[PDB]
Structures are given as C-alpha cells and as structure tokens.
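Visitor: Sharing a structure here in structure tokens format.
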Amino acid sequence: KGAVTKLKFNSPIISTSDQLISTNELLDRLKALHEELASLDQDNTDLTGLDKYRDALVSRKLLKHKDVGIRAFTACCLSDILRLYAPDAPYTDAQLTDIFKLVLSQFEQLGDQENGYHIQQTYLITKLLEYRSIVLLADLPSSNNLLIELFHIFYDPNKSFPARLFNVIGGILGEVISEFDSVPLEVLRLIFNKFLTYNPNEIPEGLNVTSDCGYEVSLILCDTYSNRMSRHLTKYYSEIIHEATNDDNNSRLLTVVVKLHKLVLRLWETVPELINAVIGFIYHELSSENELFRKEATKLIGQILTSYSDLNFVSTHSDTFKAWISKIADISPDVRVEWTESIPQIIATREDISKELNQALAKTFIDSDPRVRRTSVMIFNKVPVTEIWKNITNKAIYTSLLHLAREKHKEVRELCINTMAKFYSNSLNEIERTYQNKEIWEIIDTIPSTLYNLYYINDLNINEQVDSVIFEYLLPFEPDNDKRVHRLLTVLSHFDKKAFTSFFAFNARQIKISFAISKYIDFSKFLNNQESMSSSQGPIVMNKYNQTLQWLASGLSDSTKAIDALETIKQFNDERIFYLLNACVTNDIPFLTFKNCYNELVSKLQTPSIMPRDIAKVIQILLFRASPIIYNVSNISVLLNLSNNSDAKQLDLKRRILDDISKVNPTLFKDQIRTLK
C-alpha cells in the first residue's frame with residue numbers, strides 16, 4: 001500500500017444539496033483528476049487513498065450526466081481505475097456493466113461530429129486497449145448484448161471514424177471477441193457481410209481514398225485474429241445454411257448458399273487462410289445429393305482457380321481440387337458443363353495445371369452429352385490459340401476435335417468445322433515450329449485435308465459451310481500475292497489422294513459454273529430492253545434461262561432461296577452489279593482487282609420477296625465454286641522455279657498442281673504462243 005507516488009487530487013466530484021458543484025468547476029476538476037490518474041504508475045502507487053473516487057466515479061449522476069464533457073472525463077477516469085486496481089477488479093459486475101455501457105456511448109459519439117471531446121474519447125479507446133481493460137466486458141452476464149452493441153457502433157454506416165483508429169478498433173473488437181467461445185450469429189453477419197457489401201476496384205475513379213471502417217476492421221480480425229475467427233467462420237457458414245434450410249421458405253437455401261460461396265471467394269482473395277475453415281463443407285457439397293448445390297460448388301471452386309491469391313489452391317486444398325476435376329464424370333450434365341465453362345478463364349489465368357486438364361478434357365470431348373462437347377470445342381474459340389498450344393498438349397484432344405467434324409450432331413459439327421478451321425489459320429500466323437511441338441502438328445496440318453473430305457459425304461449444308469470456311473481462314477483473299485501461294489502450298493502439303501482429287505474437282509467445276517454465270521448475265525440482260533416478248537426465242541429462251549438458274553441452285557441447301565435471289569436480280573436490271581458479277585467469273589483476272597469488285601459487290605447488296613441478305617449469302621458461297629482463285633495468276637508464282645534443288649516435297653506439288661491445271665484443256669493454251677510467233 002506504500003509507494004513513492006501518491007494521488008495529489010483531493011477535491012469533491014459529487015454535487016449534493018448541502019454542497020453543490022457547478023458544471024464548469026466539476027468539469028475542470030474531472031479534467032485534473034483525469035490528467036493525473038493517467039500519469040499514475042500501475043505498480044509504484046499508493047492506490048489506497050484513491051478508493052474515495054472509486055465509489056464516486058460510479059454515481060449514476062455522473063454516468064448519465066447531461067454535459068458530454070463530464071461523461072467523457074468520467075469514462076477516462078474509470079478506464080484508469082480499472083487499469084490501476086486491476087486485476088483486483090474493484091467494481092462489481094453490476095457497476096461494471098453501467099461503466100461499459102457508458103464507454104460504448106463514448107465510442108458511439110466518437111463516430112459522430114466532434115463534440116469537442118474526441119481527444120478524451122480517443123484516449124479512452126486507446127488506453128482501454130493498451131492496458132487490455134476492455135476485455136473485462138467479455139466476462140459479464142450481458143456480455144453477449146454488449147458485444148453485439150460494440151460491433152454495431154463501429155460497423156454503423158451512419159458513423160465516420162478516422163483511419164487513425166482503424167488499427168485500434170480492430171484491436172478492441174479483436175480482444176473482446178477473443179474472450180468469447182460462442183459469439184452471437186448476429187455479430188458474425190455484420191463482420192462477414194462487409195466482404196459482400198463492400199468490394200473495391202468497383203468504381204474506376206481518381207484516388208479511391210474513400211476507404212471504409214467496417215471492411216478494414218473485418219480484415220484485421222480475419223488476418224490478425226484468424227486463428228480465433230476461423231473457428232467462428234465455420235459456425236457462421238454452418239449456422240447460415242442451417243437457418244435457411246429450416247426456413248419456411250423452400251427457395252432460400254439456394255439463395256443463401258450462393259452468397260456464402262461469394263463470401264468464400266472474397267475471403268480467398270483477401271485472407272485465403274480462413275478458407276480452410278469451411279473448405280470441408282464445400283468438399284462434401286460437390287458429392288451432395290442435390291445436383292444444384294454440386295453445380296454451385298463446382299462453379300465456386302472454378303472461380304477461385306481464376307482469382308489472384310498469395311496462396312495456392314491446388315497446393316493447399318489438393319483434396320478438394322481432385323474432387324473438383326472429379327466432376328468431369330458427374331451424373332449431372334449441368335455440372336459437367338458448369339465445369340467445362342471455367343476452363344477458358346483458368347487456362348488464361350494460370351499454367352499451374354497442365355496434367356489434370358488434359359486428362360479431363362480428353363473425356364469431356366468424348367462425353368455422351370452434346371452440351372459438354374460443345375462447351376469443350378468452345379475453348380479453342382474463347383481462349384487465344386497461343387495459350388492453347390502452351391497449356392493443353394494431349395493427343396486425344398486434337399483428334400477428338402477434328403473427329404466431331406463427321407458427327408451426326410449438327411450444332412456441334414458446325415461449330416467444330418469453323419473452330420478447327422480458324423484455329424488452323426491462327427495456328428500458322430502465331431505459333432512456329434520446334435523440335436518438340438512438331439509432335440502434334442501432324443494433326444493440325446491434316447486439318448485442310450479433313451475439311452475437303454467433307455465434300456464426300458455430299459451435303460448441301462456442310463458443303464456450303466466448308467466453302468465459306470476455307471475461304472475465311474485457310475485460303476484468304478489477302479493480303480499480298482506471294483504469301484498466298486506460299487501458304488497455299490503449306491496447306492496442300494499434307495494432302496491425301498482424296499484431298500487432291502476433291503481439291504482439283506472443286507476447280508474443274510469452277511470453269512463450268514463460270515460458263516454458267518457468264519451466260520446467266522447474257523440471258524439476264526434479256527430484259528435490258530424489248531427484244532422477244534414472243535418473237536425470236538421468247539417462247540424457248542425464257543424456259544432456257546428459267547431452267548438454267550436451277551442448275552446453280554441445285555447445289556444449294558435452300559434452292560428456293562436462290563431461284564428467287566437471281567430472279568429478283570433480273571428485276572433490278574442494273575448494269576453495274578452485272579459488270580462486277582460478270583467481271584468476277586470471266587476467268588483470268590488480277591487477284592487484286594477481284595477483291596475490289598467482289599468486296600464492293602457484296603457491300604452494295606447490303607441495306608438496299610425477302611431480305612436481299614439471303615441473295616448475298618447465296619451468291620457468295622456460289623462464287624467460291626465459280627470464280628477462279630487458285631487457278632489464276634498463281635500459275636506464274638509456281639511457274640517460277642523457287643527451287644534449284646532439294647525441297648522435293650514442293651516440286652511434286654508444283655507438278656501435282658500444274659500437271660492438272662494443264663489437263664484442263666490446251667485448246668486455248670497452244671493458241672497464244674501461235675499469235676505471238
């Protein structure tokens with residue numbers, strides 16, 4: 001009881017009828033008492049001649065005093081009283097609650113506008129944490145309520161606390177909760193909901209210095225006090241699902257589970273150290289009876305594998321990861337698709353996995369359900385070709401791709417043809433060849449040959465597709481004149497006998513179709529003026545042109561779409577269009593000017609019995625079979641011996657091509673030379 005320091009303050013604080021103390025005087029006195037009790041040392045101090053104020057600083061007349069100042073100083077004085085006397089704990093539970101219920105009022109006022117006493121309030125919250133005198137609130141018959149109130153004060157939106165106390169607030173709420181074993185679910189919501197209600201990088205502005213207390217606090221507790229929050233996180237997730245399931249509403253469980261997943265997703269992006277607390281639940285969700293939950297669980301893990309994190313998932317939670325990829329055989333196709341729909345992002349976000357993916361995708365490309373196979377081929381469409389050759393490298397993958405080209409399913413077949421097509425084009429204008437990647441090229445080089453084989457199954461639809469596709473990726477109409485032949489050879493490089501026969505056949509028809517469109521216009525210009533409405537060939541030519549238009553419309557899926565197309569063109573009778581069209585079939589035409597007349601021809605038909613749109617998509621795919629593309633000026637490029645020796649895999653092609661181009665009929669060939677002599 002005897003020390004070196006002693007309380008110097010010895011003035012009345014309680015105002016009675018006999019002896020009263022004005023507000024100001026009492027305010028100043030409490031100020032002195034406060035400033036002194038703060039300098040007093042815990043150990044070396046009398047403390048004996050202080051009890052007088054111990055029983056005075058609890059008078060309800062002061063705790064609920066009008067003037068905020070008195071209550072402020074009183075709270076500061078009490079904070080030190082608990083400090084000094086500690087651990088003796090002088091005040092009883094009753095008196096203690098009245099004090100902790102007053103301090104909360106201070107924290108509440110600390111958020112509101114300055115009452116001219118924030119300094120004292122700041123000292124309160126700070127000292128109450130430094131001396132750990134705030135934990136005393138944890139061991140009370142009303143700690144639960146005081147806890148909920150404590151959090152509501154800081155997490156109160158209508159409040160505005162300085163970024164300076166953020167670290168302090170996290171300490172208060174941190175130590176106070178670290179004393180609880182079963183924190184009210186109400187408190188948990190308030191703490192976790194911040195990860196959902198507040199999401200940064202949402203509004204691209206100038207500084208984003210806005211910041212938020214509730215959020216930062218949640219992070220402090222989930223980071224600094226993760227060891228104690230993880231235990232509660234499991235309770236929260238478990239309690240929520242529990243509450244929503246028993247809920248009279250049968251359409252709430254699925255709505256709440258989706259949020260929890262989003263919460264976990266956010267937690268993993270901020271504090272992936274707590275995900276281990278509820279990682280177990282998810283694990284079983286995947287193999288849960290209800291597929292919906294399995295679908296959501298699969299989608300969740302799929303989103304986590306695409307979010308930035310200081311920690312690794314497949315490394316930390318490998319048990320669940322294997323369960324994730326194990327959904328490639330899930331009974332529910334929806335779960336399968338939901339899975340395959342995440343691969344694109346993952347592959348474009350990480351390269352960590354290149355084994356499980358190739359093993360799963362291999363089965364996904366041959367799954368019974370068409371939906372998944374479609375979502376599988378979509379990969380080569382969404383994710384860039386580059387990332388494709390880098391990540392996936394499985395043999396079955398490519399093979400299965402080109403395999404679906406001959407599949408009965410249309411929607412899948414169509415998408416496939418187009419995909420594996422553009423893929424081939426981009427697989428040559430970006431990725432090169434090495435001593436290791438060439439192991440799979442034998443599949444990408446056989447693509448052009450494959451497409452041409454589709455002409456054998458004989459199908460108006462397929463044929464049209466192939467035609468439009470080839471001249472869209474494989475053999476383009478740009479950019480120069482040399483590179484065309486260069487690639488034209490790289491395309492015909494890996495070609496089987498059927499590929500060539502069909503290749504040449506597709507050309508042998510071009511000269512015939514050309515002889516048609518040519519006359520088509522010669523018979524179309526029939527109405528350029530009165531000629532033989534019933535004179536010359538009127539009764540025969542009419543049925544000549546009318547029966548010739550069906551010829552070029554017999555190789556089209558919708559013949560009734562062509563006969564009406566060219567028929568309306570006959571109605572227009574515009575010499576212009578007739579010129580371009582005719583100037584695109586007269587054979588022997590500079591590839592350059594061809595692209596000019598063609599491009600302008602299809603563009604002039606746009607936005608003019610039905611929309612001309614059809615006429616365009618019909619005449620276009622009709623010209624690819626008519627107009628000469630490969631059998632033109634390209635002859636000179638190949639005519640010029642680009643090789644003096646070696647590279648025999650090119651000379652044989654030069655032969656294969658020219659040898660056939662000459663077989664067309666030298667009927668006109670051996671004539672030019674004669675006129676030249």
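So you can find residues: chains in the structure tokens are A, B, ... in the order shown, residues in each start at 1, and ligands are numbered from 1 in order.
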Which residues, written as a count of residues only, have at least one atom at most 6 Å from region 575-592 of chain A, with only C-alpha atoms counted and residues fewer than 6 positions away on the same chain left out?
Guide: 3
Visitor: Excluding same-chain residues fewer than 5 positions from residue 159 (chain A), what lies within 9 Å of it counting only C-alpha atoms, as a VMD selection string?
Guide: chain A and resid 108 to 113 153 to 154
Visitor: With only C-alpha atoms as the basis for distance, which of A:562, A:70, A:653, A:417 is at the shortest distance from residue 490 (chain A)?
Guide: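 Once distances to residue 490 (chain A) are computed over only C-alpha atoms, the minimum belongs to A:653.
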Visitor: Counting only C-alpha atoms, what is within 12 Å of residue 259 (chain A), bar same-chain residues fewer than 4 positions away, as a tab-separated table (two decimals) with N, CA, C and O atoms, in the first residue's frame?
Guide:
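Final file, result38.tsv:
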```
chain	number	residue	atom	x	y	z
A	189	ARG	N	-22.61	-12.03	-38.90
A	189	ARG	CA	-23.14	-11.46	-40.13
A	189	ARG	C	-22.51	-10.10	-40.39
A	189	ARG	O	-21.91	-9.86	-41.44
A	192	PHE	N	-18.88	-10.44	-41.53
A	192	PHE	CA	-18.67	-11.08	-42.83
A	192	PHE	C	-19.38	-10.38	-43.99
A	192	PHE	O	-18.86	-10.36	-45.11
A	193	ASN	N	-20.56	-9.83	-43.73
A	193	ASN	CA	-21.32	-9.15	-44.78
A	193	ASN	C	-20.53	-8.02	-45.44
A	193	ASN	O	-20.81	-7.65	-46.58
A	195	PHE	N	-17.63	-8.11	-46.59
A	195	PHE	CA	-16.91	-8.65	-47.73
A	195	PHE	C	-17.82	-8.73	-48.95
A	195	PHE	O	-17.36	-8.90	-50.08
A	196	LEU	N	-19.13	-8.62	-48.71
A	196	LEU	CA	-20.11	-8.68	-49.78
A	196	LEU	C	-20.66	-7.30	-50.11
A	196	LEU	O	-20.84	-6.94	-51.27
A	197	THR	N	-20.92	-6.51	-49.06
A	197	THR	CA	-21.45	-5.17	-49.23
A	197	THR	C	-20.38	-4.20	-49.74
A	197	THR	O	-20.69	-3.24	-50.44
A	237	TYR	N	-20.94	-20.10	-41.44
A	237	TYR	CA	-21.34	-20.83	-42.64
A	237	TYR	C	-22.32	-21.94	-42.30
A	237	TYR	O	-23.31	-22.14	-43.01
A	240	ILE	N	-25.74	-20.30	-40.96
A	240	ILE	CA	-26.48	-19.71	-42.07
A	240	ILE	C	-27.27	-20.77	-42.84
A	240	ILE	O	-28.49	-20.68	-42.96
A	241	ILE	N	-26.56	-21.77	-43.35
A	241	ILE	CA	-27.19	-22.85	-44.10
A	241	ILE	C	-28.31	-23.46	-43.26
A	241	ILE	O	-29.41	-23.70	-43.76
A	244	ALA	N	-31.34	-21.13	-43.05
A	244	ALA	CA	-32.01	-21.05	-44.34
A	244	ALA	C	-32.74	-22.33	-44.73
A	244	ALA	O	-33.76	-22.28	-45.41
A	252	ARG	N	-34.90	-20.40	-50.25
A	252	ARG	CA	-33.96	-19.51	-49.58
A	252	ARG	C	-32.59	-20.17	-49.45
A	252	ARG	O	-31.56	-19.51	-49.56
A	253	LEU	N	-32.59	-21.48	-49.21
A	253	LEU	CA	-31.36	-22.24	-49.06
A	253	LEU	C	-30.41	-22.06	-50.24
A	253	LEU	O	-29.20	-21.89	-50.06
A	254	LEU	N	-30.95	-22.11	-51.45
A	254	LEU	CA	-30.15	-21.96	-52.65
A	254	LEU	C	-29.68	-20.52	-52.84
A	254	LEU	O	-28.63	-20.28	-53.43
A	255	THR	N	-30.45	-19.58	-52.32
A	255	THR	CA	-30.11	-18.16	-52.44
A	255	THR	C	-29.01	-17.77	-51.46
A	255	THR	O	-28.17	-16.92	-51.76
A	263	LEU	N	-18.80	-15.24	-50.53
A	263	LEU	CA	-18.08	-14.81	-49.34
A	263	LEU	C	-16.74	-15.54	-49.29
A	263	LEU	O	-15.70	-14.94	-49.02
A	264	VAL	N	-16.79	-16.84	-49.54
A	264	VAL	CA	-15.58	-17.67	-49.54
A	264	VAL	C	-14.64	-17.20	-50.65
A	264	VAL	O	-13.43	-17.13	-50.46
A	265	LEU	N	-15.22	-16.87	-51.80
A	265	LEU	CA	-14.43	-16.40	-52.94
A	265	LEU	C	-13.69	-15.12	-52.56
A	265	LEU	O	-12.51	-14.96	-52.87
A	266	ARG	N	-14.39	-14.22	-51.88
A	266	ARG	CA	-13.80	-12.96	-51.45
A	266	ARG	C	-12.77	-13.20	-50.35
A	266	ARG	O	-11.70	-12.59	-50.35
A	267	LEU	N	-13.10	-14.09	-49.42
A	267	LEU	CA	-12.20	-14.41	-48.32
A	267	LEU	C	-10.89	-14.99	-48.86
A	267	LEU	O	-9.82	-14.72	-48.32
A	296	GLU	N	-23.21	-25.34	-58.00
A	296	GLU	CA	-22.73	-24.11	-57.39
A	296	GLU	C	-21.34	-24.32	-56.80
A	296	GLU	O	-20.46	-23.47	-56.95
A	297	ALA	N	-21.16	-25.45	-56.13
A	297	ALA	CA	-19.87	-25.77	-55.52
A	297	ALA	C	-18.79	-25.86	-56.59
A	297	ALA	O	-17.67	-25.40	-56.39
A	300	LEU	N	-18.04	-22.42	-57.81
A	300	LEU	CA	-17.27	-21.70	-56.80
A	300	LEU	C	-15.78	-21.98	-56.96
A	300	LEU	O	-14.99	-21.06	-57.16
```
Visitor: Can you list, as a ChimeraX atom specification, every protein, DNA or RNA residue that comes within 7 Å of region 125-139 of chain A when you count only C-alpha atoms, leaving out same-chain residues fewer than 3 positions away?
Guide: /A:79,82-83,100,121-122,143,168,171-172,175-176,179-180
Visitor: Write the residues of the preceding selection, restricted to N, CA and C atoms, as a PDB file, in the first residue's frame.
Guide:
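Result went into selection_25.pdb, see below:
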```pdb
ATOM      1  N   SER A  79     -11.471   4.339 -16.898  1.00  0.00           N
ATOM      2  CA  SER A  79     -10.588   3.494 -17.693  1.00  0.00           C
ATOM      3  C   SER A  79      -9.261   3.292 -16.970  1.00  0.00           C
ATOM      4  N   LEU A  82      -9.828   0.996 -13.599  1.00  0.00           N
ATOM      5  CA  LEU A  82      -9.813  -0.429 -13.908  1.00  0.00           C
ATOM      6  C   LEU A  82      -8.371  -0.855 -14.152  1.00  0.00           C
ATOM      7  N   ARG A  83      -7.593   0.055 -14.730  1.00  0.00           N
ATOM      8  CA  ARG A  83      -6.188  -0.188 -15.028  1.00  0.00           C
ATOM      9  C   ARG A  83      -5.384  -0.418 -13.752  1.00  0.00           C
ATOM     10  N   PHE A 100     -19.241   0.004 -18.746  1.00  0.00           N
ATOM     11  CA  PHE A 100     -19.008  -0.461 -20.108  1.00  0.00           C
ATOM     12  C   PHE A 100     -20.134  -0.037 -21.040  1.00  0.00           C
ATOM     13  N   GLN A 121     -12.045  10.863 -25.728  1.00  0.00           N
ATOM     14  CA  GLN A 121     -12.628   9.628 -26.237  1.00  0.00           C
ATOM     15  C   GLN A 121     -11.553   8.786 -26.914  1.00  0.00           C
ATOM     16  N   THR A 122     -10.652   9.450 -27.631  1.00  0.00           N
ATOM     17  CA  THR A 122      -9.564   8.765 -28.317  1.00  0.00           C
ATOM     18  C   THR A 122      -8.673   8.116 -27.266  1.00  0.00           C
ATOM     19  N   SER A 143     -22.602  -9.785 -21.533  1.00  0.00           N
ATOM     20  CA  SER A 143     -21.505  -9.636 -22.480  1.00  0.00           C
ATOM     21  C   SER A 143     -21.975  -9.827 -23.918  1.00  0.00           C
ATOM     22  N   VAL A 168      -6.831   0.481 -34.031  1.00  0.00           N
ATOM     23  CA  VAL A 168      -7.240   0.409 -32.634  1.00  0.00           C
ATOM     24  C   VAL A 168      -8.577  -0.315 -32.516  1.00  0.00           C
ATOM     25  N   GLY A 171      -8.316  -3.840 -32.719  1.00  0.00           N
ATOM     26  CA  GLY A 171      -7.768  -4.420 -31.508  1.00  0.00           C
ATOM     27  C   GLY A 171      -8.844  -4.609 -30.456  1.00  0.00           C
ATOM     28  N   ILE A 172      -9.683  -3.592 -30.287  1.00  0.00           N
ATOM     29  CA  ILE A 172     -10.768  -3.647 -29.315  1.00  0.00           C
ATOM     30  C   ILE A 172     -11.678  -4.826 -29.635  1.00  0.00           C
ATOM     31  N   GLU A 175      -9.741  -8.264 -29.219  1.00  0.00           N
ATOM     32  CA  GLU A 175      -9.517  -8.822 -27.890  1.00  0.00           C
ATOM     33  C   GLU A 175     -10.826  -9.209 -27.209  1.00  0.00           C
ATOM     34  N   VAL A 176     -11.845  -8.374 -27.373  1.00  0.00           N
ATOM     35  CA  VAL A 176     -13.149  -8.625 -26.768  1.00  0.00           C
ATOM     36  C   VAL A 176     -13.780  -9.916 -27.282  1.00  0.00           C
ATOM     37  N   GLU A 179     -12.259 -13.490 -26.258  1.00  0.00           N
ATOM     38  CA  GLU A 179     -12.626 -13.982 -24.936  1.00  0.00           C
ATOM     39  C   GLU A 179     -13.919 -14.788 -25.002  1.00  0.00           C
ATOM     40  N   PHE A 180     -14.569 -14.758 -26.162  1.00  0.00           N
ATOM     41  CA  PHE A 180     -15.818 -15.483 -26.363  1.00  0.00           C
ATOM     42  C   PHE A 180     -15.597 -16.831 -27.040  1.00  0.00           C
TER      43      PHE A 180
END
```
Visitor: When distances are computed from only C-alpha atoms, which of A:665, A:400, A:345, A:620 shows the smallest separation from residue 511 (chain A)?
Guide: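 The shortest atom-to-atom distance to residue 511 (chain A) comes from A:665.
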Visitor: Could you give me, as a PyMOL selection string, each residue of region 102-342 of chain A that DSSP assigns to helix (DSSP H, G or I) when run on this structure's backbone?
Guide: chain A and resi 102-111+118-130+135-137+143-154+166-177+185-192+194-197+213-223+226-246+253-270+275-277+279-286+291-304+313-316+318-329+333-340
Visitor: Could you pull the residues within 10 Å of residue 187 (chain A), counting only C-alpha atoms, minus those fewer than 4 positions along the same chain, as a list in words?
Guide: residues 144, 145, 147, 148, 149, 150, 151, 152, 177, 183, 191, 192 and 236 of chain A
Visitor: Please identify all polymer residues within 12 Å of residue 454 (chain A), counting only C-alpha atoms, omitting same-chain residues fewer than 3 positions from it, and present them as a ChimeraX atom specification.
Guide: /A:402-407,413-414,417,447-451,457-467,470,498-499,502-503
Visitor: Next, write the just-selected residues to a file, as a compact mmCIF listing (two decimals), in the first residue's frame, keeping C-alpha atoms as the atom set.
Guide:
```txt
# COMPACT_ATOMS: atom_id res chain seq x y z
CA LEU A 402 -11.42 -33.00 -85.88
CA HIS A 403 -13.33 -36.22 -85.18
CA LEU A 404 -16.53 -34.38 -84.25
CA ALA A 405 -16.40 -32.96 -87.78
CA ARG A 406 -18.12 -36.10 -89.04
CA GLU A 407 -20.51 -36.32 -86.09
CA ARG A 413 -20.40 -30.38 -86.11
CA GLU A 414 -20.88 -26.86 -87.49
CA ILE A 417 -15.65 -27.14 -88.54
CA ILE A 447 -6.90 -30.23 -90.99
CA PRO A 448 -7.19 -28.82 -94.53
CA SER A 449 -7.23 -32.36 -95.92
CA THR A 450 -10.01 -33.28 -93.50
CA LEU A 451 -12.30 -30.41 -94.48
CA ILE A 457 -20.43 -37.17 -97.53
CA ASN A 458 -22.27 -34.95 -100.00
CA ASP A 459 -24.41 -32.46 -98.07
CA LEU A 460 -25.67 -29.10 -99.34
CA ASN A 461 -25.35 -27.55 -95.87
CA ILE A 462 -21.94 -28.98 -94.99
CA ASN A 463 -20.52 -28.19 -98.43
CA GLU A 464 -21.63 -24.56 -98.22
CA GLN A 465 -20.11 -24.31 -94.75
CA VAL A 466 -16.79 -25.79 -95.84
CA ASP A 467 -16.66 -23.46 -98.85
CA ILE A 470 -12.00 -22.43 -96.24
CA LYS A 498 -8.90 -37.90 -101.85
CA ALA A 499 -7.96 -34.41 -100.68
CA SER A 502 -11.60 -33.24 -104.34
CA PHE A 503 -9.28 -30.23 -104.50
```
Visitor: Which residues are close to residue 565 (chain A), i.e. within 12 Å by only C-alpha atoms, leaving aside same-chain residues fewer than 6 positions away? Reply as a list in words.
Guide: residues 549, 550, 552, 553, 558, 559, 571, 572, 605, 609, 610, 611, 612, 613, 614, 615, 616, 617, 618, 619, 620 and 622 of chain A
Visitor: Find the distance between CA of residue 72 (chain A) and CA of residue 37 (chain A) and write it in Å to one decimal.
Guide: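 Straight-line distance from CA of residue 72 (chain A) to CA of residue 37 (chain A) works out to 14.3 Å.
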Visitor: Identify which of the residues A:210, A:160, A:15, A:5 lies closest to residue 48 (chain A), counting only C-alpha atoms when measuring atom-to-atom distances.
Guide: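 Closest residue, counting only C-alpha atoms: A:5.
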Visitor: One decimal, Å: what's the distance from CA of residue 566 (chain A) over to CA of residue 631 (chain A), could you say?
Guide: 26.0 Å
